[PDB]
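A.B. asks: generate a structure from the sequence data that follows.
(chains A and B)
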Amino acid sequence: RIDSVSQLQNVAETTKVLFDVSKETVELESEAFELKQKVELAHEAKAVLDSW
Amino acid sequence: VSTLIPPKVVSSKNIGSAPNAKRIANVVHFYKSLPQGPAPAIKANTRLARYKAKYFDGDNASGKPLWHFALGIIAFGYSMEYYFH
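C.D. replies: Numbers count the residues shown, from 1 in each chain, chains lettered A, B, ... in the order given. Please find the structure below.
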């Protein structure tokens, strides 16, 4: 029974860490969207400029 | 995406395995356990707790009480023989 209990003890603290970490990561991707629109604008501009 | 909430929820592992049943048994049994049991019989006192102690304890089962018990009945009828004769 002690063996069963021990696995769960270590989990209880560390899982709270991942829970936070995952949501923290999701925030970073929001900011990545801002980059994506920047990437697009440049590409379009370069293409027209190439045509010119 | 955002992790689910199961890993941080525990509340039925305590019925979830078999040693839980044994646990609730042996918390009662062992917690209120005595280091040693009470007795291997000891009463028959009248200068006969000694008779039981020497012969009818766990220490030995030997033919000595048998002889003694036989002899009591022999002593009854042997005396009575001379009451009949």
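A.B. asks: mind telling me what element the spatially most central residue of chain A is part of?
C.D. replies: Against the mean C-alpha coordinate of chain A, by CA atoms, centre = their mean, the closest residue is residue A:25 at 3.4 Å. Per DSSP states H and E, residue A:25 falls inside helix A:2-51.
A.B. asks: can you give me the end-to-end distance of stretch B:34-49?
C.D. replies: 25 Å (CA to CA, to the nearest Å).
A.B. asks: quick one: distance of that stretch to the chain centre.
C.D. replies: Taking the mean of its C-alpha atoms, stretch B:34-49 sits 11 Å from the chain's own mean (CA atoms, centre = their mean, to the nearest Å).
A.B. asks: likewise stretch A:36-46?
C.D. replies: Counting by CA atoms, centre = their mean, stretch A:36-46 comes out at 22 Å from the chain centroid.
A.B. asks: and what of stretch B:74-83?
C.D. replies: 40 Å.
A.B. asks: now residue B:9. Its backbone dihedrals?
C.D. replies: phi -130, psi 120 (degrees, to the nearest 10).
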